[PDB]
Amino acid sequence: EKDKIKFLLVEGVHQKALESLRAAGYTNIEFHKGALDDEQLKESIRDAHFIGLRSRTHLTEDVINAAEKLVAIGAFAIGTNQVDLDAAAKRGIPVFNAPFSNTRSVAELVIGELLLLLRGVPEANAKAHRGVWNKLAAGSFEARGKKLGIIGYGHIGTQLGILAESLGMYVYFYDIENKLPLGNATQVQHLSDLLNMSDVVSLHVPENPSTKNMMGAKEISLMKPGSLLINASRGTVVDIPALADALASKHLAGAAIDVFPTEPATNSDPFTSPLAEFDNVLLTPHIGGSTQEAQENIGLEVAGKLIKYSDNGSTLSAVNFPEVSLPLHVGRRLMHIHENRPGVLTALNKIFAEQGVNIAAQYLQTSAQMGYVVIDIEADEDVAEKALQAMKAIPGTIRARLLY
Amino acid sequence: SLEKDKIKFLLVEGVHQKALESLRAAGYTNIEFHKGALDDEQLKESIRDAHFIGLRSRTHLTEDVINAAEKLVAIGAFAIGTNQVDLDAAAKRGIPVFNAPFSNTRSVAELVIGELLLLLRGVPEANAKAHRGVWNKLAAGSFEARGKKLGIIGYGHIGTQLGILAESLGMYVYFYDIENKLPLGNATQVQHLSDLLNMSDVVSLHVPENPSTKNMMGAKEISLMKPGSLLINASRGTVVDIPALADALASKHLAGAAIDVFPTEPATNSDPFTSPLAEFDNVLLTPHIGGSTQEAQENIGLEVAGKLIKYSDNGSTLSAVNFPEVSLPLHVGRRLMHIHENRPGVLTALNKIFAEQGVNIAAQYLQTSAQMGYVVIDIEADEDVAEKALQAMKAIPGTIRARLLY
Amino acid sequence: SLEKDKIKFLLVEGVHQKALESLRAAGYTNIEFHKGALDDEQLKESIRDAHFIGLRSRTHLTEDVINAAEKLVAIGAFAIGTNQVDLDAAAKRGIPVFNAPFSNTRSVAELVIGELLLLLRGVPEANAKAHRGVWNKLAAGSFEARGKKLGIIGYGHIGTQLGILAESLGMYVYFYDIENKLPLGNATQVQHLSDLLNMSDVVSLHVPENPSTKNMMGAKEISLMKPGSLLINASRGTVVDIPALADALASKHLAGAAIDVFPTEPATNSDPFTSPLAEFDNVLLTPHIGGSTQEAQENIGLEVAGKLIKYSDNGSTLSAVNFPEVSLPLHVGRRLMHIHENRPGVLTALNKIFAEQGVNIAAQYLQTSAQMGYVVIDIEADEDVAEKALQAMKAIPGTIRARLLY
Amino acid sequence: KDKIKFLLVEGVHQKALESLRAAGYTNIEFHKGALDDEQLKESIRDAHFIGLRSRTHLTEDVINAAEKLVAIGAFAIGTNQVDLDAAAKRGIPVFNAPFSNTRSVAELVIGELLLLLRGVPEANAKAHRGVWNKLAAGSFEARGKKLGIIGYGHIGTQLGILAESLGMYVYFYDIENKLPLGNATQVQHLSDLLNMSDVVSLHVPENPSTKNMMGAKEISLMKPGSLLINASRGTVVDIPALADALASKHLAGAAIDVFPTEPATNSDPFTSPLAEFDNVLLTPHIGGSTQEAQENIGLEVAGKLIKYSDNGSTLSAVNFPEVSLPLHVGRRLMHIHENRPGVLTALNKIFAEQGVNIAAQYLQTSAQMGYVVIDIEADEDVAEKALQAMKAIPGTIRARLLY
Ligand SMILES: NC(=O)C1=CN([C@@H]2O[C@H](COP(=O)(O)OP(=O)(O)OC[C@H]3O[C@@H](n4cnc5c(N)ncnc54)[C@H](O)[C@@H]3O)[C@@H](O)[C@H]2O)C=CC1
Ligand SMILES: NC(=O)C1=CN([C@@H]2O[C@H](COP(=O)(O)OP(=O)(O)OC[C@H]3O[C@@H](n4cnc5c(N)ncnc54)[C@H](O)[C@@H]3O)[C@@H](O)[C@H]2O)C=CC1
Ligand SMILES: NC(=O)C1=CN([C@@H]2O[C@H](COP(=O)(O)OP(=O)(O)OC[C@H]3O[C@@H](n4cnc5c(N)ncnc54)[C@H](O)[C@@H]3O)[C@@H](O)[C@H]2O)C=CC1
Ligand SMILES: NC(=O)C1=CN([C@@H]2O[C@H](COP(=O)(O)OP(=O)(O)OC[C@H]3O[C@@H](n4cnc5c(N)ncnc54)[C@H](O)[C@@H]3O)[C@@H](O)[C@H]2O)C=CC1
């Protein structure tokens with residue numbers, strides 16, 4: 001049975017995804033290096049139970065809704081904005097992704113980036129390439145003994161810190177919440193302190209309304225003269241022209257930016273920033289999280305998630321679905337996804353009692369529009385298959401399945 | 001203290017402030033401080049009456065200039081290189097030269113870490129493309145440093161510090177050296193360079209400039225490096241065959257390089273730079289700034305002020321680059337020194353002068369090179385006797401210079 | 001908050017204060033704190049109107065005591081062990097029991113380091129020699145721990161932590177586990193237990209108790225051990241064949257050992273302890289104090305208080321050692337819980353009611369052990385509807401306890 | 001190089017032998033233990049180099065009849081078992097190993113504080129008697145605790161690093177300002193250190209500044225319920241006061257490895273008022289007694305004898321003027337002599353006359369004696385006549401041509 005369950009993988013996900021699939025028993029895998037055109041996409045997805053895609057493939061309403069057999073969708077990536085998360089929820093297909101798999105990559109990028117900035121290496125290299133030699137030591141520093149101020153002490157600030165400390169930098173941080181320090185990191189309660197003390201400032205924050213432009217003319221002029229600004233969290237967090245200002249003012253020595261409010265949609269599309277005129281700014285194409293090793297983690301994680309769901313019904317971490325997860329105990333497990341009618345649960349429970357079946361466990365979780373419930377029962381294939389078909393006749397029923 | 005005040009220290013070229021702090025602490029307070037270089041003209045003027053000089057790599061102390069200063073005792077290269085100073089001519093006049101050969105250790109190790117971090121990410125190519133309107137975001141062939149193998153070639157002061165910083169970052173560290181060296185942390189000596197080249201994700205060079213290292217990284221070797229690997233050189237301009245490096249990068253056998261030193265380099269920051277490596281967005285080129293930081297300058301300042309101060313106080317030429325190295329521990333009595341050409345009978349005039357004043361020599365350190373000879377002598381005696389002996393010493397044929405240091 | 005004042009916490013055997021700060025930090029204030037153990041008249045007396053109780057290892061909660069505790073909602077064993085508690089008995093009554101399985105971690109790793117350092121150094125013997133008046137200065141046989149190899153048998157909470165500290169000190173760290181573990185730091189998993197016994201200078205046991213571990217370190221395993229090596233068992237009393245170790249100690253195949261646990265241990269600090277290990281000055285014997293520290297007692301106070309708090313506030317039996325495990329995140333509404341013998345028709349009545357009273361179910365999590373079942377039900381509605389429902393819930397034939405939690 | 005005889009008595013580490021073998025010196029009379037007076041006299045009577053430990057006594061009488069002997073090697077730190085004077089008179093330098101066990105002392109301290117903070121020594125002593133005493137009250141983890149180090153030199157410095165890798169916070173007191181390593185904080189007043197520390201350890205030298213610097217007062221200023229560890233010197237702690245403070249329970253325990261008076265050997269009785277305290281570790285001065293240190297000493301002191309014989313370095317000799325000369329083309333000769341006028345004048349005259357250029361020379365004196373190394377550019381024959389002539393300067397204790 002498991003090997004009649006087809007995974008469609010596009011955009012060159014990492015091999016380990018494929019390894020995990022196969023070791024879980026899912027050996028039916030149509031895999032693609034690039035993205036597919038419209039007519040091939042619909043061809044390959046017409047009968048896929050699962051799909052793993054990444055940034056570029058668009059699962060629009062129409063695409064999802066022609067996908068006849070689609071059980072869940074796996075964004076092997078961070079973003080899910082290429083998927084109709086809500087079209088998908090109406091057909092009862094959850095969407096998973098990998099939000100915290102890039103951590104070491106971003107941390108590393110930053111460390112690498114600051115080392116070079118503190119030295120004026122970006123600037124020296126740009127001149128070098130056009131035949132201008134600029135050997136000077138004025139302005140330049142080792143990072144050892146410098147103060148690094150991390151704004152955003154989440155999954156990434158944490159690891160950034162640990163590295164910064166590995167290199168003997170002094171580590172201070174600001175987060176709108178009280179965070180337990182690792183090694184000898186130090187929490188600064190006010191942001192204007194952190195800015196003042198810090199030789200380099202790094203942002204590691206979510207894209208919310210506390211963060212839109214959290215760094216303006218104001219905040220930046222608060223920063224130490226000669227300092228460095230690093231942004232590789234979100235494109236909206238920093239007011240580019242402000243920093244452009246502060247960079248010609250030479251109030252800042254330089255900067256690195258891996259994200260922008262606006263980004264080229266493909267790589268053939270042009271890039272535009274005013275920062276593009278500063279040799280002392282590292283400008284990178286949102287590759288903060290782009291490494292093979294990151295790809296391997298996203299591989300392990302989003303396959304892992306698809307498989308768990310397929311095998312156990314778990315929606316822990318699904319982005320568009322009520323979150324359920326029940327531990328394994330002996331018996332059969334079934335599951336019902338449905339509109340939020342009242343008395344679906346009354347309907348469900350009546351079914352098992354009629355058949356004289358004990359419900360070992362169940363977990364119903366509701367969102368505004370939908371409901372998902374996983375029920376364990378002690379019974380045989382015959383019995384479970386009838387409950388199944390009965391469960392499929394409940395009013396509201398979007399989808400239901402015997403998982404084992 | 002009133003006798004210190006007489007010794008002109010001239011520091012040009014903007015040496016670190018802690019150099020002056022170190023003079024002052026040692027009593028030497030008369031100092032002509034210049035932030036920049038001086039022309040032919042105000043050189044010879046500020047120097048004329050100058051006991052000690054401090055230059056970096058732009059002041060040119062050539063023969064004529066060295067002949068011009070009527071009172072120069074030592075020279076302090078507050079940098080590594082000494083090629084800007086005619087070593088064989090301060091020697092001729094009995095002026096030892098000093099420098100700071102290893103005051104740049106962290107700075108170079110730090111720089112290499114940053115470079116390899118960004119090169120494994122295809123960041124330099126990304127930044128160049130980005131700054132000209134090209135976006136190119138992809139994950140293929142970009143990698144993290146952690147878990148990667150670093151191949152350090154030349155495991156001396158810098159290799160070693162580089163290695164330490166590298167394993168702190170998660171890298172497995174290997175090295176090759178022509179001598180057998182004791183590893184720190186989990187570094188590993190590799191017996192063949194071809195072994196080390198075949199394995200490394202990154203190879204970084206910290207060897208010295210000499211026949212063995214001249215073009216030691218040539219075609220054959222680059223060819224032995226791992227496909228998709230990285231070449232880094234912040235050692236010497238003559239270690240890597242650059243045309244070869246260029247041909248490897250063009251055929252994508254190497255995926256990047258960072259080079260800080262070149263066969264030939266620009267003499268000032270107004271002199272243009274060229275290299276066949278300029279055509280590559282995936283190569284960091286930096287203008288010999290491996291050891292160019294303020295921490296490094298601070299280190300050089302203390303090192304060399306100390307050497308100059310020590311020479312002045314106790315006559316040590318330990319570490320001097322063009323001069324016989326003598327030093328003797330302070331040890332009760334009066335101390336003299338005597339720099340001479342190796343004339344027959346100099347030593348023999350030296351002890352008769354003391355014999356002939358019934359003066360006991362508690363200590364004597366004599367060292368020579370080709371025609372030069374430096375000897376420092378520690379004596380139990382009066383001052384008038386110490387001053388008298390000095391006069392006698394100064395008249396010995398072959399005597400370049402001699403001084404009663406205390 | 002006046003609601004809470006009703007709910008009596010009975011703490012015996014003197015648990016750490018941090019337990020009381022959580023308790024009071026959560027509006028929970030009727031606390032009957034005791035430092036010591038209680039006798040039966042003291043216990044029934046002081047438990048009869050207890051809503052919760054925290055005890056330790058000496059308090060014996062039997063069926064006759066439990067079937068007396070009239071208001072007993074849950075039981076916290078402020079400890080690792082639960083053998084002093086009658087789990088089936090409290091399960092029969094719908095009383096979760098909780099504990100702190102992994103709260104002693106650092107306290108055990110810290111002990112083993114101290115011990116291995118002094119053992120390698122032959123300190124226990126020199127100490128006992130000194131106190132008896134004998135001076136034994138030697139260097140034959142003593143070692144620093146840096147660069148020696150630690151074999152950890154059981155690579156879990158304590159093992160992992162043990163290896164981290166050991167690496168801090170420069171030891172080489174190897175482990176053998178029955179399952180495949182991700183090694184921390186530079187830790188190395190050894191696949192065959194015999195190579196590990198073969199290479200290791202010190203071997204420290206950190207495994208559970210069970211047939212797979214029982215006497216798992218016997219005469220065979222002891223001889224696989226490196227000459228002049230050291231054994232340390234602070235896991236469980238059944239894992240080492242003490243008389244085998246005693247023989248290997250007598251024969252000097254081993255240099256020493258540290259045993260904190262024993263097949264038979266005194267019931268109280270008043271009962272004598274005997275061991276054929278008592279004869280050997282080069283063995284540390286410790287009265288099962290592996291996890292006995294104040295920091296550990298404070299880990300415990302926090303973990304176990306938090307849990308009893310969480311259960312009283314939100315139903316969570318996540319972690320119970322004798323009860324179905326249920327947990328639901330919070331959001332908008334009110335929340336019921338319901339404990340019942342699993343009887344025909346319970347879930348049917350539950351849902352019949354909700355539709356009698358017109359209540360829409362937001363979330364529901366039911367789990368069961370054998371005849372026992374526990375369901376926690378979030379519903380959206382106002383307090384009259386709620387408590388209308390819960391009164392019907394207690395009427396369902398089978399119900400053991402139902403509470404409108406919030 | 002085979003004609004040179006080394007006598008190593010008392011089981012110096014095998015790295016000493018491995019090194020002599022490397023440097024091409026193979027004639028070795030090795031002895032696991034100490035020689036009694038006749039054997040010693042017979043093995044040494046032709047030895048060039050003796051390497052001993054702390055039990056051997058090279059007295060004048062033995063040294064003096066020691067015919068072929070050129071340098072002495074204490075594979076140890078003490079040189080009080082060696083008559084340094086008798087040895088100089090005869091121009092025999094004495095080498096030893098000043099600091100070869102810093103880690104060993106730091107380790108002992110870490111293990112001791114960790115157990116002592118757990119009451120493990122008492123607990124263990126009780127368990128050896130039948131008494132079980134399981135308790136958490138008063139037992140403490142090391143991490144998060146204040147360790148106060150008194151004396152921040154080789155060993156203090158090191159100990160604070162370990163302590164830090166354990167999670168302790170490290171404070172220190174030193175009579176001078178020092179650069180703290182890691183998170184170490186220098187503490188300007190002894191009393192302030194004493195009050196704050198959960199565990200105090202000592203690493204000062206033996207001198208008046210140091211005698212009983214920890215007395216009734218200082219102990220009473222230690223935090224109630226803290227620990228004192230001394231592996232420094234026997235003269236640093238007022239022991240009776242410590243006793244008192246363990247008796248009154250102001251201190252929860254101590255560890256003492258050094259004592260005002262120590263048995264001379266393992267066979268002599270050891271006594272002490274602390275012996276009655278199960279919560280006190282007592283150790284027979286083994287803070288440095290480990291194989292790693294014995295090996296470190298092995299390379300070091302073998303290193304120094306090899307160096308003296310190959311090139312004449314007397315750097316670190318404890319009884320001799322220190323002279324050292326880098327090496328250069330030519331021959332090298334050596335003169336040791338009584339410090340008195342014109343030796344150097346006749347030395348130098350010898351080379352003047354045979355018309356031989358002196359490439360360098362280094363002489364250094366004491367009050368009573370003088371040593372000088374000479375690099376000359378000449379064939380072997382001329383160096384020989386020179387030797388013979390230098391051997392004759394009145395004043396000459398000894399002269400040798402090294403290469
Ligand atoms: N450039 C790239 O390729 C990638 C960018 N990122 C971005 O990095 C950001 C953070 O990453 P994680 O560490 O995984 O997030 P996280 O959720 O684990 O941590 C973010 C932290 O910022 C804190 N925070 C939230 N609002 C704040 C406010 N505005 N002011 C100060 N602190 C605030 C939160 O407390 C949290 O600690 C996200 O935007 C993520 O998308 C992550 C991976 C790759
Ligand atoms: N670009 C820059 O800013 C600067 C460049 N440098 C250069 O870095 C180089 C290394 O500096 P340090 O580590 O301080 O020197 P170092 O002398 O301490 O280390 C050099 C090591 O290389 C080994 N070696 C010699 N020849 C070799 C060969 N043929 N193959 C392999 N190994 C060989 C030696 O045994 C020695 O261990 C020097 O050339 C120095 O001038 C140093 C500072 C700055
Ligand atoms: N002396 C004392 O006061 C204390 C003793 N302990 C005991 O120490 C032991 C370990 O504690 P934790 O680290 O929390 O346990 P843990 O469960 O986290 O670690 C046990 C590890 O050993 C492995 N293992 C199981 N059977 C094995 C076998 N036959 N051979 C090799 N490995 C095996 C398991 O797979 C697991 O990874 C437990 O027995 C615990 O009761 C715990 C606290 C204090
Ligand atoms: N029991 C044993 O096996 C051994 C004992 N020791 C003893 O340990 C002691 C320390 O050894 P090292 O670290 O090698 O010595 P060290 O010379 O490196 O350090 C001594 C430090 O103590 C300081 N000091 C001197 N007088 C002081 C005072 N009154 N108050 C505070 N600080 C003072 C000095 O500033 C110096 O920093 C020495 O006595 C040594 O003999 C050393 C090795 C082994």
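Here is how names work: the chains are called A, B, and so on, in the same order as the sequence lines, proteins then strands, and each is numbered from 1. The figures here come from the full heavy-atom set of this structure, side chains too, leaving out hydrogens, waters and symmetry mates.
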* Asked: Taking the six-membered ring for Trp, are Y309(A) and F50(A) ring centroids under 6.0 Å apart?
  -> no

* Structure fact -> Scanning both residues in full, the closest heavy-atom pair of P322(A) with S367(A) reads CG-N, 4.0 Å

* Nearest atoms (heavy-atom pairs only) where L8(A) meets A48(A) -> CB-CB, 3.9 Å

* **Flag for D269(A)-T266(A): side-chain donor and acceptor within less than 3.5 Å** => yes

* To do: Go through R22(A) and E19(A) one step at a time and tell me if the salt bridge (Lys or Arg N to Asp or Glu O under 4.0 Å) criterion holds.
  => CA-CA 5 Å; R22(A) 292 182 313 251; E19(A) 277 156 61; 5.1 Å; no

* Asked: To the nearest 0.5 Å, what is the distance between CG (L116(A)) and CG (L228(A))?
  -> 11.0 Å

* Side-chain heavy-atom pair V13(A), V302(A) within 4.5 angstrom cut-off -> no

* Asked: Is the backbone N or O of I162(A) less than 3.5 Å from a side-chain atom of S166(A), with the two atoms forming a donor-acceptor pair by type?
  -> yes

* **Flag, side chain of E323(A) to backbone of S317(A), donor-acceptor distance under 3.5 Å** => yes

* Chi angles and distances behind the salt bridge (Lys or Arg N to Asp or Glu O under 4.0 Å) call for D311(A), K2(A) -> CA-CA 10 Å; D311(A) 277 352; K2(A) 262 180 201 273; 2.6 Å; yes

* Asked: Is a side-chain donor-acceptor pair under 3.5 Å present for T103(A) with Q159(A)?
  -> no

* Nearest 0.5 Å, what's the OG-NE2 distance between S55(A) and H286(A)? -> 9.5 Å

* So how far is it from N297(A) CG to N102(A) CG, rounded to the nearest 0.5 Å? -> 8.0 Å

* **Heavy-atom pair of closest approach, residues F96(A) and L316(A)** => CE2-O, 4.1 Å

* To do: Could you please spell out the steps behind the side chain to side chain donor-acceptor pair (under 3.5 Å) verdict for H49(A) and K6(A)?
  => CA-CA 5 Å; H49(A) 300 240; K6(A) 171 201 203 186; over 6 Å; no

* Asked: Would you say the side-chain atoms of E110(B) pair up with the backbone N or O of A143(A), donor to acceptor, closer than 3.5 Å?
  -> yes

* Asked: Looking at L285(B) and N125(A), what are the two nearest heavy atoms and their distance?
  -> N-OD1, 2.7 Å

* Asked: With distance as the sole test, does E277(A) use its side chain to make a donor-acceptor pair with the main-chain N or O of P274(A) at under 3.5 Å?
  -> no

* Asked: How far apart are the C-alpha atoms of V121(A) and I289(B), what are their side-chain angles, what is the distance that settles it, and do they pass the side chain to side chain contact (heavy atoms under 4.5 Å, CB included) test?
  -> CA-CA 9 Å; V121(A) 167; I289(B) 32 101; 4.0 Å; yes

* So, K149(B) versus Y172(B): side-chain donor-acceptor pair below 3.5 Å or not? -> no

* To do: May I ask you to test the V110(A)-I156(A) pair for a side-chain heavy-atom distance under 4.5 Å?
  => no

* Asked: Within a strict 4.5 Å, meaning less than it, do heavy atoms of the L117(A) and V200(A) side chains meet?
  -> no

* Is the side chain of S44(A) donor-acceptor paired with the backbone N or O of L41(A) at a distance under 3.5 Å, no angle test? -> no

* Asked: Any side-chain donor-acceptor pair under 3.5 Å between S310(A) and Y26(A)?
  -> yes

* Report yes or no: does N136(B) contribute a side-chain atom to a donor-acceptor pair with the main-chain N or O of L138(B) at less than 3.5 Å? => no

* **Ring geometry between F173(A) and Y153(A) (parallel below 30°, tilted from 30 to 60°, perpendicular above 60°)** => parallel

* Does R121(B) use its side chain to pair, donor to acceptor, with the backbone of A126(B) at less than 3.5 Å? -> no

* What residues form a salt bridge (charged side-chain N to carboxylate O under 4.0 Å, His left out) with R54(A), not counting sequence neighbours? -> none

* State, with a plain yes or no, whether a side-chain heavy atom of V281(A) is found less than 4.5 Å away from one of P122(A). => no

* Check whether any side-chain heavy atom of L21(A) sits under 4.5 Å from a side-chain heavy atom of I307(A), and report yes or no. => yes

* For residues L252(A) and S227(A), determine if any side-chain heavy atom of one lies less than 4.5 Å from a side-chain heavy atom of the other. => yes

* Would you say the side chains of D260(B) and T286(B) form a donor-acceptor pair under 3.5 Å? -> yes

* **Stepwise side chain to side chain contact (heavy atoms under 4.5 Å, CB included) test for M223(A) and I220(A)** => CA-CA 5 Å; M223(A) 288 166 65; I220(A) 272 156; 4.2 Å; yes

* Asked: Do any N or O atoms from the side chain of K212(A) and from the backbone of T236(A) form a donor-acceptor pair under 3.5 angstrom?
  -> no

* If every non-hydrogen atom of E263(A) is compared with every non-hydrogen atom of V259(A), which pair is closest and at what distance? -> OE2-CA, 3.6 Å

* Which pair of non-hydrogen atoms, one from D47(A) and one from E43(A), has the smallest distance, and what is that distance? -> OD1-O, 4.2 Å

* Asked: Would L169(B) and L167(A) satisfy side chain to side chain contact (heavy atoms under 4.5 Å, CB included), going step by step from the backbone distance to the final call?
  -> CA-CA 8 Å; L169(B) 257 47; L167(A) 262 25; 3.6 Å; yes

* Asked: With no hydrogens and no angle check, do the side chains of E11(A) and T57(A) hold a donor and an acceptor under 3.5 Å apart?
  -> yes

* Taking atom CG of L120(B) and atom CE of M171(B), what is their separation to the nearest 0.5 Å? -> 6.5 Å

* Side-chain donor or acceptor of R56(A) paired with backbone N/O of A35(A) under 3.5 Å -> no

* To do: Nearest 0.5 Å please: distance from the CZ atom of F143(B) over to the CD atom of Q295(A).
  => 11.5 Å

* Does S20(A) use its side chain to pair, donor to acceptor, with the backbone of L300(A) at less than 3.5 Å? -> no

* **Residue pair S202(A) / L160(A), side-chain heavy-atom distance below 4.5 Å** => yes

* Would you mind reporting whether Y174(A) and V205(A) have side-chain heavy atoms less than 4.5 Å apart? => no

* To do: Kindly determine whether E293(A) and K148(B) satisfy side chain to side chain contact (heavy atoms under 4.5 Å, CB included), including the steps that lead there.
  => CA-CA 11 Å; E293(A) 287 83 3; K148(B) 295 312 161 302; 2.7 Å; yes

* Nearest-0.5 Å distance that lies between atom CD1 in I242(B) and atom CG in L277(B) -> 5.0 Å

* Side-chain donor-acceptor pair present, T60(A), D62(A), cut-off under 3.5 Å -> no

* Taking atom types as modelled and ignoring hydrogens, do the side chains of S105(A) and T291(A) form a donor-acceptor contact shorter than 3.5 angstrom? -> yes

